[PDB]
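Okay, upload_14.pdb now, which holds PDB, N, CA and C atoms:
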MODEL        1
ATOM      1  N   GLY Q   1     135.011 102.459  65.886
ATOM      2  CA  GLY Q   1     134.202 102.682  64.702
ATOM      3  C   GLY Q   1     134.741 103.799  63.834
ATOM      4  N   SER Q   2     133.846 104.650  63.344
ATOM      5  CA  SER Q   2     134.238 105.764  62.488
ATOM      6  C   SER Q   2     135.268 106.647  63.186
ATOM      7  N   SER Q   3     134.886 107.198  64.333
ATOM      8  CA  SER Q   3     135.774 108.066  65.099
ATOM      9  C   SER Q   3     136.494 109.048  64.182
ATOM     10  N   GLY Q   4     135.754 109.620  63.236
ATOM     11  CA  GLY Q   4     136.339 110.571  62.309
ATOM     12  C   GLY Q   4     135.655 111.923  62.356
ATOM     13  N   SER Q   5     134.430 111.983  61.843
ATOM     14  CA  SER Q   5     133.670 113.228  61.824
ATOM     15  C   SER Q   5     134.566 114.408  61.460
ATOM     16  N   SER Q   6     135.453 114.192  60.492
ATOM     17  CA  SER Q   6     136.372 115.235  60.053
ATOM     18  C   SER Q   6     136.283 115.436  58.543
ATOM     19  N   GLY Q   7     136.394 116.688  58.111
ATOM     20  CA  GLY Q   7     136.324 116.995  56.695
ATOM     21  C   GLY Q   7     136.697 118.432  56.391
ATOM     22  N   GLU Q   8     136.390 118.879  55.178
ATOM     23  CA  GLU Q   8     136.699 120.243  54.766
ATOM     24  C   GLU Q   8     135.468 121.138  54.879
ATOM     25  N   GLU Q   9     134.414 120.779  54.151
ATOM     26  CA  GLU Q   9     133.177 121.551  54.168
ATOM     27  C   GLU Q   9     131.979 120.649  54.454
ATOM     28  N   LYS Q  10     131.404 120.801  55.643
ATOM     29  CA  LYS Q  10     130.250 120.003  56.041
ATOM     30  C   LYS Q  10     128.951 120.655  55.578
ATOM     31  N   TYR Q  11     128.198 119.940  54.748
ATOM     32  CA  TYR Q  11     126.934 120.450  54.232
ATOM     33  C   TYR Q  11     125.754 119.709  54.852
ATOM     34  N   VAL Q  12     124.546 120.179  54.554
ATOM     35  CA  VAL Q  12     123.335 119.560  55.080
ATOM     36  C   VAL Q  12     122.311 119.330  53.974
ATOM     37  N   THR Q  13     121.607 118.205  54.052
ATOM     38  CA  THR Q  13     120.597 117.864  53.059
ATOM     39  C   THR Q  13     119.244 118.466  53.420
ATOM     40  N   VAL Q  14     118.549 118.995  52.419
ATOM     41  CA  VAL Q  14     117.241 119.601  52.631
ATOM     42  C   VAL Q  14     116.131 118.727  52.057
ATOM     43  N   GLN Q  15     116.522 117.677  51.342
ATOM     44  CA  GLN Q  15     115.559 116.763  50.737
ATOM     45  C   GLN Q  15     116.155 115.367  50.587
ATOM     46  N   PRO Q  16     115.302 114.340  50.729
ATOM     47  CA  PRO Q  16     115.723 112.941  50.611
ATOM     48  C   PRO Q  16     116.090 112.564  49.180
ATOM     49  N   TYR Q  17     117.135 111.756  49.036
ATOM     50  CA  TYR Q  17     117.591 111.324  47.720
ATOM     51  C   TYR Q  17     117.757 109.808  47.674
ATOM     52  N   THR Q  18     117.182 109.187  46.649
ATOM     53  CA  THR Q  18     117.264 107.741  46.487
ATOM     54  C   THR Q  18     118.303 107.365  45.436
ATOM     55  N   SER Q  19     119.347 106.666  45.867
ATOM     56  CA  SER Q  19     120.413 106.246  44.963
ATOM     57  C   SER Q  19     119.978 105.039  44.136
ATOM     58  N   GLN Q  20     120.183 105.123  42.826
ATOM     59  CA  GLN Q  20     119.814 104.039  41.924
ATOM     60  C   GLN Q  20     120.909 102.980  41.866
ATOM     61  N   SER Q  21     122.159 103.425  41.927
ATOM     62  CA  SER Q  21     123.299 102.516  41.878
ATOM     63  C   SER Q  21     124.339 102.891  42.930
ATOM     64  N   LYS Q  22     125.260 101.971  43.195
ATOM     65  CA  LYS Q  22     126.312 102.201  44.178
ATOM     66  C   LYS Q  22     126.996 103.543  43.940
ATOM     67  N   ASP Q  23     127.396 103.785  42.695
ATOM     68  CA  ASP Q  23     128.060 105.032  42.335
ATOM     69  C   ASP Q  23     127.445 106.211  43.083
ATOM     70  N   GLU Q  24     126.129 106.171  43.264
ATOM     71  CA  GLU Q  24     125.421 107.237  43.962
ATOM     72  C   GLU Q  24     125.026 106.798  45.369
ATOM     73  N   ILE Q  25     124.966 107.757  46.286
ATOM     74  CA  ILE Q  25     124.601 107.471  47.668
ATOM     75  C   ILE Q  25     123.281 108.137  48.037
ATOM     76  N   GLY Q  26     122.398 107.377  48.680
ATOM     77  CA  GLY Q  26     121.111 107.912  49.081
ATOM     78  C   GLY Q  26     121.060 108.258  50.556
ATOM     79  N   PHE Q  27     120.553 109.447  50.867
ATOM     80  CA  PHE Q  27     120.453 109.897  52.249
ATOM     81  C   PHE Q  27     119.057 110.437  52.545
ATOM     82  N   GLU Q  28     118.861 110.916  53.770
ATOM     83  CA  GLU Q  28     117.572 111.460  54.180
ATOM     84  C   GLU Q  28     117.646 112.976  54.337
ATOM     85  N   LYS Q  29     116.494 113.599  54.562
ATOM     86  CA  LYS Q  29     116.426 115.045  54.732
ATOM     87  C   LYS Q  29     116.580 115.428  56.201
ATOM     88  N   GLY Q  30     117.618 116.202  56.502
ATOM     89  CA  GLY Q  30     117.857 116.626  57.868
ATOM     90  C   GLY Q  30     119.071 115.955  58.479
ATOM     91  N   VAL Q  31     120.050 115.630  57.642
ATOM     92  CA  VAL Q  31     121.269 114.981  58.106
ATOM     93  C   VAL Q  31     122.503 115.786  57.715
ATOM     94  N   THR Q  32     123.641 115.442  58.312
ATOM     95  CA  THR Q  32     124.893 116.133  58.029
ATOM     96  C   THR Q  32     125.762 115.326  57.072
ATOM     97  N   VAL Q  33     126.322 116.002  56.074
ATOM     98  CA  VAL Q  33     127.177 115.347  55.091
ATOM     99  C   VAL Q  33     128.522 116.054  54.975
ATOM    100  N   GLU Q  34     129.524 115.331  54.482
ATOM    101  CA  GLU Q  34     130.861 115.890  54.323
ATOM    102  C   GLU Q  34     131.223 116.021  52.846
ATOM    103  N   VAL Q  35     131.281 117.259  52.365
ATOM    104  CA  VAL Q  35     131.616 117.522  50.971
ATOM    105  C   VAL Q  35     133.108 117.332  50.718
ATOM    106  N   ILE Q  36     133.443 116.324  49.919
ATOM    107  CA  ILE Q  36     134.835 116.036  49.597
ATOM    108  C   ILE Q  36     135.247 116.708  48.290
ATOM    109  N   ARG Q  37     134.558 116.360  47.210
ATOM    110  CA  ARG Q  37     134.851 116.930  45.900
ATOM    111  C   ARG Q  37     133.678 117.765  45.395
ATOM    112  N   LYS Q  38     133.967 118.696  44.491
ATOM    113  CA  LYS Q  38     132.938 119.561  43.929
ATOM    114  C   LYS Q  38     133.104 119.692  42.418
ATOM    115  N   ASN Q  39     132.197 119.068  41.672
ATOM    116  CA  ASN Q  39     132.242 119.115  40.215
ATOM    117  C   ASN Q  39     131.342 120.223  39.678
ATOM    118  N   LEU Q  40     131.229 120.300  38.357
ATOM    119  CA  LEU Q  40     130.398 121.312  37.716
ATOM    120  C   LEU Q  40     129.053 120.730  37.299
ATOM    121  N   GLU Q  41     129.048 119.443  36.962
ATOM    122  CA  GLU Q  41     127.827 118.767  36.547
ATOM    123  C   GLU Q  41     126.949 118.439  37.751
ATOM    124  N   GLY Q  42     126.565 119.473  38.495
ATOM    125  CA  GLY Q  42     125.730 119.275  39.665
ATOM    126  C   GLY Q  42     126.064 117.996  40.407
ATOM    127  N   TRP Q  43     127.353 117.704  40.526
ATOM    128  CA  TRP Q  43     127.802 116.500  41.217
ATOM    129  C   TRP Q  43     128.789 116.846  42.327
ATOM    130  N   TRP Q  44     128.366 116.650  43.571
ATOM    131  CA  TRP Q  44     129.214 116.942  44.721
ATOM    132  C   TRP Q  44     129.480 115.680  45.535
ATOM    133  N   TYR Q  45     130.697 115.160  45.430
ATOM    134  CA  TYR Q  45     131.078 113.954  46.154
ATOM    135  C   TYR Q  45     131.053 114.192  47.661
ATOM    136  N   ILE Q  46     130.158 113.492  48.350
ATOM    137  CA  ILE Q  46     130.033 113.626  49.796
ATOM    138  C   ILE Q  46     130.239 112.285  50.492
ATOM    139  N   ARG Q  47     130.282 112.315  51.821
ATOM    140  CA  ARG Q  47     130.474 111.102  52.605
ATOM    141  C   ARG Q  47     129.385 110.960  53.665
ATOM    142  N   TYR Q  48     128.643 109.860  53.601
ATOM    143  CA  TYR Q  48     127.568 109.608  54.553
ATOM    144  C   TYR Q  48     127.472 108.121  54.884
ATOM    145  N   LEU Q  49     127.126 107.821  56.131
ATOM    146  CA  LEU Q  49     126.998 106.439  56.578
ATOM    147  C   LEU Q  49     128.276 105.655  56.297
ATOM    148  N   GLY Q  50     129.415 106.331  56.411
ATOM    149  CA  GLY Q  50     130.691 105.681  56.168
ATOM    150  C   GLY Q  50     130.825 105.182  54.743
ATOM    151  N   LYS Q  51     130.280 105.941  53.800
ATOM    152  CA  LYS Q  51     130.340 105.571  52.390
ATOM    153  C   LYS Q  51     130.417 106.811  51.505
ATOM    154  N   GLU Q  52     131.290 106.766  50.504
ATOM    155  CA  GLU Q  52     131.457 107.886  49.586
ATOM    156  C   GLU Q  52     130.742 107.619  48.265
ATOM    157  N   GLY Q  53     129.880 108.550  47.866
ATOM    158  CA  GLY Q  53     129.144 108.397  46.626
ATOM    159  C   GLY Q  53     128.866 109.724  45.949
ATOM    160  N   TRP Q  54     128.196 109.674  44.803
ATOM    161  CA  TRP Q  54     127.869 110.882  44.054
ATOM    162  C   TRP Q  54     126.464 111.369  44.393
ATOM    163  N   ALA Q  55     126.358 112.634  44.785
ATOM    164  CA  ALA Q  55     125.070 113.221  45.133
ATOM    165  C   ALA Q  55     124.888 114.581  44.470
ATOM    166  N   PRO Q  56     123.639 114.898  44.096
ATOM    167  CA  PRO Q  56     123.305 116.168  43.447
ATOM    168  C   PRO Q  56     123.425 117.355  44.398
ATOM    169  N   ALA Q  57     124.265 118.316  44.033
ATOM    170  CA  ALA Q  57     124.469 119.504  44.853
ATOM    171  C   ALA Q  57     123.142 120.185  45.171
ATOM    172  N   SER Q  58     122.145 119.955  44.322
ATOM    173  CA  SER Q  58     120.828 120.551  44.510
ATOM    174  C   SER Q  58     120.228 120.129  45.848
ATOM    175  N   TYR Q  59     120.438 118.870  46.212
ATOM    176  CA  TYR Q  59     119.916 118.339  47.466
ATOM    177  C   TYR Q  59     120.914 118.546  48.602
ATOM    178  N   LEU Q  60     121.712 119.601  48.495
ATOM    179  CA  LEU Q  60     122.710 119.913  49.512
ATOM    180  C   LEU Q  60     122.852 121.421  49.693
ATOM    181  N   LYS Q  61     123.248 121.833  50.892
ATOM    182  CA  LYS Q  61     123.426 123.248  51.195
ATOM    183  C   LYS Q  61     124.455 123.442  52.306
ATOM    184  N   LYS Q  62     125.233 124.513  52.204
ATOM    185  CA  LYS Q  62     126.253 124.815  53.201
ATOM    186  C   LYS Q  62     125.622 125.071  54.565
ATOM    187  N   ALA Q  63     126.083 124.336  55.573
ATOM    188  CA  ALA Q  63     125.566 124.486  56.927
ATOM    189  C   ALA Q  63     126.177 125.702  57.615
ATOM    190  N   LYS Q  64     125.462 126.243  58.596
ATOM    191  CA  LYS Q  64     125.932 127.409  59.335
ATOM    192  C   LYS Q  64     126.009 127.111  60.829
ATOM    193  N   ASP Q  65     127.218 126.859  61.317
ATOM    194  CA  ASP Q  65     127.426 126.561  62.729
ATOM    195  C   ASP Q  65     127.548 127.847  63.542
ATOM    196  N   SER Q  66     126.869 127.884  64.685
ATOM    197  CA  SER Q  66     126.897 129.058  65.552
ATOM    198  C   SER Q  66     127.936 128.890  66.658
ATOM    199  N   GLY Q  67     128.818 129.877  66.785
ATOM    200  CA  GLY Q  67     129.850 129.823  67.804
ATOM    201  C   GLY Q  67     130.506 131.169  68.039
ATOM    202  N   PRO Q  68     131.153 131.321  69.205
ATOM    203  CA  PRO Q  68     131.834 132.565  69.575
ATOM    204  C   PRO Q  68     133.081 132.816  68.735
ATOM    205  N   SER Q  69     133.582 131.762  68.098
ATOM    206  CA  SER Q  69     134.774 131.869  67.265
ATOM    207  C   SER Q  69     134.781 133.184  66.492
ATOM    208  N   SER Q  70     135.899 133.900  66.568
ATOM    209  CA  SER Q  70     136.034 135.179  65.879
ATOM    210  C   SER Q  70     136.957 135.050  64.670
ATOM    211  N   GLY Q  71     136.372 135.103  63.478
ATOM    212  CA  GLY Q  71     137.156 134.991  62.262
ATOM    213  C   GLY Q  71     137.841 133.646  62.135
TER     214      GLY Q  71
ENDMDL
END

Final structure tokens representation of the file:
Amino acid sequence: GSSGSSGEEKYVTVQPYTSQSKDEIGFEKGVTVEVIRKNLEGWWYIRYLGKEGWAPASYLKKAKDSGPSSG
């Protein structure tokens, strides 16, 4: 299957978003997303459910992973 779970900056959704068209991707609140591109028009290209679409940065936030990793 996917066997990927790899990216640059993994963000998390704090609110559900309903996509009107394919161009945009709809997700739920409390899931993990992969931020690929970052625009200025509140548009952050992410990847969810094995699909890349346009999502509002407003409904996204940088996740904080806890680990012993030093720097």

Quiz item: Any chance you could work out the residue set of the PyMOL selection byres ((chain Q and resi 64) around 8) here, as a PyMOL selection string?
Solution: chain Q and resi 10-12+61-63+65-67

Quiz prompt | Chain and number of each residue from the PyMOL selection byres ((chain Q and resi 43-57) around 6), as a list in words | solution =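 Written out, the selection comes to residues 22, 23, 24, 25, 33, 34, 35, 36, 37, 38, 39, 40, 41, 42, 58, 59, 60 and 61 of chain Q.
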
Quiz item: Quick one: distance from atom N of residue 32 in chain Q to atom N of residue 13 in chain Q in Å, one decimal?
Solution: 5.5 Å

Practice problem: For atom N of residue 9 in chain Q and CA of residue 31 in chain Q, quote the distance in Å rounded to one decimal. | Solution: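 Computing it gives 14.9 Å between the two atoms.
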
Quiz item: CA of residue 29 in chain Q and CA of residue 16 in chain Q are how many Å apart?
Solution: 4.7 Å

Practice problem: List every residue of range 14-57 of chain Q that DSSP, applied to the backbone, labels as strand (DSSP E), and write the result as a list in words. | Solution: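 Result set for range 14-57 of chain Q (strand (DSSP E)): residues 32, 33, 34, 35, 43, 44, 45, 46, 47, 48, 51, 52, 53, 54, 55 and 56 of chain Q.
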
File output, chain Q (C-alpha atoms) as an mmCIF file, in the first residue's frame:
data_model
loop_
_atom_site.group_PDB
_atom_site.id
_atom_site.type_symbol
_atom_site.label_atom_id
_atom_site.label_comp_id
_atom_site.auth_asym_id
_atom_site.auth_seq_id
_atom_site.Cartn_x
_atom_site.Cartn_y
_atom_site.Cartn_z
ATOM 1 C CA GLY Q 1 0.000 0.000 0.000
ATOM 2 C CA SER Q 2 1.169 3.498 0.898
ATOM 3 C CA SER Q 3 4.211 2.363 2.882
ATOM 4 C CA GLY Q 4 5.385 5.969 2.815
ATOM 5 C CA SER Q 5 4.482 8.122 5.809
ATOM 6 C CA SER Q 6 7.373 10.349 4.739
ATOM 7 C CA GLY Q 7 7.527 14.103 4.233
ATOM 8 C CA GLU Q 8 9.123 17.410 5.197
ATOM 9 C CA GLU Q 9 6.784 19.038 7.718
ATOM 10 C CA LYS Q 10 3.973 16.999 9.269
ATOM 11 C CA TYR Q 11 1.088 19.152 10.496
ATOM 12 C CA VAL Q 12 -2.155 18.404 12.338
ATOM 13 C CA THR Q 13 -5.738 19.515 11.721
ATOM 14 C CA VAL Q 14 -7.677 21.211 14.519
ATOM 15 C CA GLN Q 15 -10.965 21.476 12.625
ATOM 16 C CA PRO Q 16 -12.868 19.513 9.947
ATOM 17 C CA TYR Q 17 -12.813 20.835 6.382
ATOM 18 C CA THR Q 18 -15.234 19.984 3.575
ATOM 19 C CA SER Q 19 -13.765 20.075 0.067
ATOM 20 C CA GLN Q 20 -16.080 21.504 -2.590
ATOM 21 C CA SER Q 21 -14.026 20.303 -5.557
ATOM 22 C CA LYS Q 22 -11.214 17.848 -6.281
ATOM 23 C CA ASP Q 23 -8.689 20.692 -6.313
ATOM 24 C CA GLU Q 24 -9.345 20.834 -2.569
ATOM 25 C CA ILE Q 25 -9.088 17.963 -0.089
ATOM 26 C CA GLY Q 26 -11.417 17.442 2.856
ATOM 27 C CA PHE Q 27 -10.223 15.939 6.132
ATOM 28 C CA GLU Q 28 -11.349 15.514 9.740
ATOM 29 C CA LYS Q 29 -10.285 17.113 13.024
ATOM 30 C CA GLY Q 30 -7.594 15.166 14.854
ATOM 31 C CA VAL Q 31 -5.601 13.671 11.989
ATOM 32 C CA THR Q 32 -2.034 13.914 10.696
ATOM 33 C CA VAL Q 33 -1.209 15.671 7.424
ATOM 34 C CA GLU Q 34 1.938 16.156 5.345
ATOM 35 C CA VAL Q 35 2.686 19.740 4.314
ATOM 36 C CA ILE Q 36 4.251 19.701 0.848
ATOM 37 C CA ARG Q 37 3.928 23.266 -0.435
ATOM 38 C CA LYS Q 38 3.310 26.556 1.372
ATOM 39 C CA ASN Q 39 1.693 29.504 -0.408
ATOM 40 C CA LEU Q 40 0.788 32.993 0.808
ATOM 41 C CA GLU Q 41 -2.919 32.917 -0.032
ATOM 42 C CA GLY Q 42 -3.696 30.840 3.042
ATOM 43 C CA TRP Q 43 -3.114 27.804 0.839
ATOM 44 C CA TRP Q 44 -0.957 24.942 2.114
ATOM 45 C CA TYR Q 45 -0.683 21.917 -0.174
ATOM 46 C CA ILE Q 46 -0.921 18.825 2.028
ATOM 47 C CA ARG Q 47 -1.273 15.072 1.533
ATOM 48 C CA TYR Q 48 -4.024 12.996 3.145
ATOM 49 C CA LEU Q 49 -5.718 9.675 2.390
ATOM 50 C CA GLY Q 50 -3.169 9.163 -0.371
ATOM 51 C CA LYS Q 51 -4.340 12.304 -2.154
ATOM 52 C CA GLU Q 52 -2.814 15.752 -2.661
ATOM 53 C CA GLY Q 53 -5.093 18.779 -2.530
ATOM 54 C CA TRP Q 54 -5.395 22.415 -1.476
ATOM 55 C CA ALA Q 55 -6.231 23.106 2.169
ATOM 56 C CA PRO Q 56 -6.499 26.308 4.247
ATOM 57 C CA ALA Q 57 -3.481 26.780 6.512
ATOM 58 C CA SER Q 58 -5.999 28.069 9.056
ATOM 59 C CA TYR Q 59 -7.267 24.525 9.593
ATOM 60 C CA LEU Q 60 -3.697 23.320 10.110
ATOM 61 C CA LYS Q 61 -0.987 23.615 12.764
ATOM 62 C CA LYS Q 62 2.599 22.436 13.238
ATOM 63 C CA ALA Q 63 2.673 19.230 15.282
ATOM 64 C CA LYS Q 64 5.036 18.740 18.223
ATOM 65 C CA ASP Q 65 6.558 15.268 18.545
ATOM 66 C CA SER Q 66 8.052 14.312 21.911
ATOM 67 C CA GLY Q 67 11.373 12.483 21.910
ATOM 68 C CA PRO Q 68 14.832 12.232 23.511
ATOM 69 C CA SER Q 69 16.379 13.432 20.250
ATOM 70 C CA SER Q 70 18.854 16.211 21.037
ATOM 71 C CA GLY Q 71 18.889 18.997 18.464
#
